[PDB]
>>> print(open('protein-v1.txt').read())   # compact mmCIF, N, CA and C atoms
# COMPACT_ATOMS: atom_id res chain seq x y z
N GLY O 1 -17.82 1.51 10.19
CA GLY O 1 -17.10 0.91 9.09
C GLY O 1 -17.29 1.67 7.78
N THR O 2 -16.66 1.16 6.72
CA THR O 2 -16.75 1.77 5.40
C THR O 2 -17.21 0.72 4.40
N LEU O 3 -17.87 1.18 3.35
CA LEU O 3 -18.46 0.30 2.35
C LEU O 3 -17.49 0.09 1.19
N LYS O 4 -17.75 -0.96 0.42
CA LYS O 4 -16.89 -1.34 -0.70
C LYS O 4 -17.72 -2.11 -1.72
N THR O 5 -17.32 -1.99 -2.98
CA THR O 5 -17.96 -2.71 -4.08
C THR O 5 -16.88 -3.34 -4.94
N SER O 6 -17.09 -4.60 -5.32
CA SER O 6 -16.09 -5.34 -6.07
C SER O 6 -16.14 -4.98 -7.55
N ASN O 7 -14.98 -5.08 -8.19
CA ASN O 7 -14.86 -4.86 -9.63
C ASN O 7 -15.03 -6.14 -10.43
N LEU O 8 -15.55 -7.20 -9.82
CA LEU O 8 -15.73 -8.49 -10.46
C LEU O 8 -16.45 -8.33 -11.79
N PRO O 9 -15.76 -8.53 -12.92
CA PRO O 9 -16.44 -8.42 -14.21
C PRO O 9 -17.62 -9.37 -14.30
N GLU O 10 -18.48 -9.12 -15.29
CA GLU O 10 -19.66 -9.96 -15.45
C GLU O 10 -19.27 -11.38 -15.84
N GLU O 11 -18.18 -11.55 -16.59
CA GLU O 11 -17.78 -12.88 -17.03
C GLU O 11 -17.46 -13.78 -15.84
N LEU O 12 -17.02 -13.20 -14.72
CA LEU O 12 -16.67 -14.02 -13.56
C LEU O 12 -17.87 -14.24 -12.65
N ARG O 13 -19.05 -13.75 -13.04
CA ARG O 13 -20.23 -13.91 -12.20
C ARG O 13 -21.01 -15.17 -12.53
N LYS O 14 -20.50 -16.02 -13.42
CA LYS O 14 -21.20 -17.23 -13.82
C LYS O 14 -20.80 -18.39 -12.91
N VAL O 15 -21.79 -19.14 -12.45
CA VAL O 15 -21.59 -20.24 -11.51
C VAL O 15 -22.39 -21.43 -12.00
N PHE O 16 -21.91 -22.63 -11.69
CA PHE O 16 -22.58 -23.86 -12.07
C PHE O 16 -22.73 -24.74 -10.85
N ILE O 17 -23.90 -25.37 -10.71
CA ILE O 17 -24.25 -26.11 -9.51
C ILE O 17 -24.56 -27.55 -9.90
N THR O 18 -24.01 -28.49 -9.15
CA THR O 18 -24.30 -29.90 -9.31
C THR O 18 -24.76 -30.46 -7.97
N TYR O 19 -25.81 -31.27 -7.99
CA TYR O 19 -26.48 -31.68 -6.76
C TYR O 19 -27.11 -33.05 -6.98
N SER O 20 -27.86 -33.50 -5.98
CA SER O 20 -28.64 -34.73 -6.08
C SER O 20 -30.07 -34.44 -5.68
N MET O 21 -30.95 -35.39 -5.98
CA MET O 21 -32.38 -35.14 -5.86
C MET O 21 -32.79 -34.87 -4.42
N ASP O 22 -32.24 -35.61 -3.45
CA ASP O 22 -32.61 -35.38 -2.06
C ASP O 22 -32.35 -33.93 -1.67
N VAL S 1 74.26 -14.74 58.05
CA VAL S 1 72.93 -14.28 57.67
C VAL S 1 73.01 -13.47 56.38
N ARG S 2 71.93 -13.50 55.60
CA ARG S 2 71.81 -12.74 54.38
C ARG S 2 70.63 -11.78 54.51
N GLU S 3 70.65 -10.71 53.71
CA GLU S 3 69.62 -9.68 53.80
C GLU S 3 68.73 -9.70 52.56
N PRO S 4 67.41 -9.66 52.72
CA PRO S 4 66.53 -9.70 51.54
C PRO S 4 66.56 -8.44 50.68
N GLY S 5 67.36 -7.44 51.05
CA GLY S 5 67.31 -6.16 50.34
C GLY S 5 67.22 -6.31 48.83
N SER S 6 68.15 -7.06 48.24
CA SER S 6 68.17 -7.20 46.79
C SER S 6 67.14 -8.22 46.32
N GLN S 7 66.87 -9.24 47.14
CA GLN S 7 66.05 -10.36 46.69
C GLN S 7 64.60 -10.24 47.17
N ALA S 8 64.19 -9.06 47.63
CA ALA S 8 62.87 -8.87 48.22
C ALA S 8 61.77 -9.45 47.35
N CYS S 9 60.68 -9.90 47.97
CA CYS S 9 59.57 -10.48 47.23
C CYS S 9 58.86 -9.41 46.42
N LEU S 10 58.08 -9.85 45.43
CA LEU S 10 57.35 -8.97 44.54
C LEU S 10 55.85 -9.17 44.71
N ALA S 11 55.13 -8.07 44.91
CA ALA S 11 53.68 -8.06 44.82
C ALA S 11 53.29 -7.78 43.37
N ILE S 12 52.03 -8.05 43.05
CA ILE S 12 51.53 -7.89 41.69
C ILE S 12 50.18 -7.20 41.73
N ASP S 13 49.89 -6.42 40.69
CA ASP S 13 48.62 -5.73 40.55
C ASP S 13 48.34 -5.48 39.08
N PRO S 14 47.24 -5.99 38.52
CA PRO S 14 47.00 -5.80 37.08
C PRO S 14 46.78 -4.34 36.74
N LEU S 15 47.11 -3.98 35.50
CA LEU S 15 46.79 -2.66 34.97
C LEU S 15 45.42 -2.75 34.31
N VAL S 16 44.38 -2.61 35.14
CA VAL S 16 43.02 -2.78 34.67
C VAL S 16 42.67 -1.71 33.65
N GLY S 17 42.01 -2.13 32.57
CA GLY S 17 41.57 -1.18 31.56
C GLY S 17 40.12 -0.75 31.73
N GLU S 18 39.55 -1.00 32.91
CA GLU S 18 38.14 -0.69 33.12
C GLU S 18 37.85 0.80 32.93
N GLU S 19 38.79 1.67 33.30
CA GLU S 19 38.57 3.10 33.17
C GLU S 19 38.25 3.51 31.74
N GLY S 20 38.79 2.80 30.75
CA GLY S 20 38.50 3.06 29.36
C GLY S 20 37.66 2.01 28.68
N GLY S 21 36.89 1.22 29.42
CA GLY S 21 36.15 0.13 28.82
C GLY S 21 34.80 0.60 28.28
N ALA S 22 34.39 0.04 27.15
CA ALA S 22 33.08 0.33 26.60
C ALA S 22 32.00 -0.36 27.42
N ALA S 23 30.79 0.19 27.38
CA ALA S 23 29.69 -0.32 28.18
C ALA S 23 28.84 -1.30 27.39
N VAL S 24 28.10 -2.14 28.12
CA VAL S 24 27.14 -3.03 27.49
C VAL S 24 25.90 -2.24 27.10
N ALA S 25 25.40 -2.49 25.89
CA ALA S 25 24.31 -1.72 25.32
C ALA S 25 23.07 -2.59 25.17
N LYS S 26 21.94 -2.04 25.58
CA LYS S 26 20.65 -2.70 25.43
C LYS S 26 19.93 -2.16 24.21
N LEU S 27 19.33 -3.05 23.43
CA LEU S 27 18.59 -2.67 22.24
C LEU S 27 17.09 -2.70 22.51
N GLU S 28 16.38 -1.72 21.96
CA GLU S 28 14.93 -1.68 22.02
C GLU S 28 14.42 -1.36 20.62
N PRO S 29 13.52 -2.17 20.06
CA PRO S 29 12.95 -1.83 18.75
C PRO S 29 11.93 -0.71 18.89
N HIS S 30 12.02 0.27 18.00
CA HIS S 30 11.04 1.35 17.98
C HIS S 30 9.75 0.85 17.34
N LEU S 31 8.84 0.33 18.15
CA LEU S 31 7.61 -0.24 17.62
C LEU S 31 6.87 0.79 16.79
N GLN S 32 6.39 0.37 15.62
CA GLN S 32 5.48 1.21 14.87
C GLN S 32 4.19 1.31 15.69
N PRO S 33 3.94 2.43 16.36
CA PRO S 33 2.85 2.45 17.35
C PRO S 33 1.48 2.35 16.70
N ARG S 34 0.58 1.63 17.38
CA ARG S 34 -0.83 1.70 17.04
C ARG S 34 -1.50 2.93 17.63
N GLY S 35 -0.88 3.57 18.63
CA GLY S 35 -1.36 4.87 19.06
C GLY S 35 -1.35 5.87 17.93
N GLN S 36 -0.29 5.87 17.13
CA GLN S 36 -0.31 6.57 15.86
C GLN S 36 -1.23 5.82 14.89
N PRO S 37 -1.71 6.50 13.84
CA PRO S 37 -2.71 5.88 12.95
C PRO S 37 -2.13 4.72 12.13
N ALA S 38 -1.84 3.62 12.82
CA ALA S 38 -1.37 2.42 12.14
C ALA S 38 -2.55 1.71 11.47
N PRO S 39 -2.29 0.92 10.43
CA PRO S 39 -3.38 0.24 9.73
C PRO S 39 -3.97 -0.89 10.57
N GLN S 40 -5.10 -1.39 10.11
CA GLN S 40 -5.86 -2.43 10.79
C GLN S 40 -6.29 -3.49 9.78
N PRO S 41 -6.59 -4.71 10.25
CA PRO S 41 -7.06 -5.75 9.33
C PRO S 41 -8.48 -5.46 8.87
N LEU S 42 -8.72 -5.63 7.57
CA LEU S 42 -10.00 -5.26 6.97
C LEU S 42 -10.97 -6.44 7.00
N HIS S 43 -11.41 -6.78 8.21
CA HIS S 43 -12.44 -7.80 8.36
C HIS S 43 -13.69 -7.39 7.59
N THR S 44 -14.03 -8.18 6.57
CA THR S 44 -15.06 -7.81 5.61
C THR S 44 -16.37 -8.52 5.94
N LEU S 45 -17.48 -7.84 5.68
CA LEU S 45 -18.81 -8.40 5.80
C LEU S 45 -19.56 -8.14 4.50
N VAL S 46 -20.63 -8.90 4.28
CA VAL S 46 -21.39 -8.87 3.04
C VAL S 46 -22.80 -8.42 3.34
N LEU S 47 -23.27 -7.42 2.59
CA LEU S 47 -24.65 -6.95 2.66
C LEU S 47 -25.41 -7.64 1.54
N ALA S 48 -26.23 -8.63 1.90
CA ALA S 48 -26.84 -9.51 0.91
C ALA S 48 -28.20 -9.01 0.44
>>> encode(input="protein-v1.txt", output="structure tokens")
Amino acid sequence: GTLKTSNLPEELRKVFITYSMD
Amino acid sequence: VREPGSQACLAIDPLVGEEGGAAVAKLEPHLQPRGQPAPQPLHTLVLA
């Protein structure tokens, strides 16, 4: 196979997580 | 008695046009071969 790297800017690398205690 | 000379019966035979008829044609699509370097689906994996 061949390798690849995404051009995803840094601004799109932010993620937010919501969960519960268990 | 009468003679059929003038009133003789008639046979019939069509003037078939088969000698000049066009033929039935079969179609085949020229497949873009995968034997030639055709593209492939880029099933991607992640190196974590």
>>> atom_distance(input="protein-v1.txt", atom1="atom CA of residue 1 of chain O", atom2="atom C of residue 41 of chain S")
10.7 Å
>>> atom_distance(input="protein-v1.txt", atom1="atom N of residue 10 of chain O", atom2="atom C of residue 47 of chain S")
18.3 Å
>>> interface_residues(input="protein-v1.txt", of="chain O", to="chain S", cutoff="12 Å", atoms="only C-alpha atoms", output="list in words")
residues 1, 2, 3, 4, 5 and 6 of chain O
>>> axis_aligned_box(input="protein-v1.txt", around="segment 15-22 of chain O", padding_each_side="5 Å", output="lines of an AutoDock Vina configuration file")
center_x = -27.2
center_y = -27.4
center_z = -7.1
size_x = 21.2
size_y = 26.5
size_z = 20.8
>>> atom_distance(input="protein-v1.txt", atom1="atom CA of residue 11 of chain O", atom2="atom CA of residue 48 of chain S")
20.4 Å
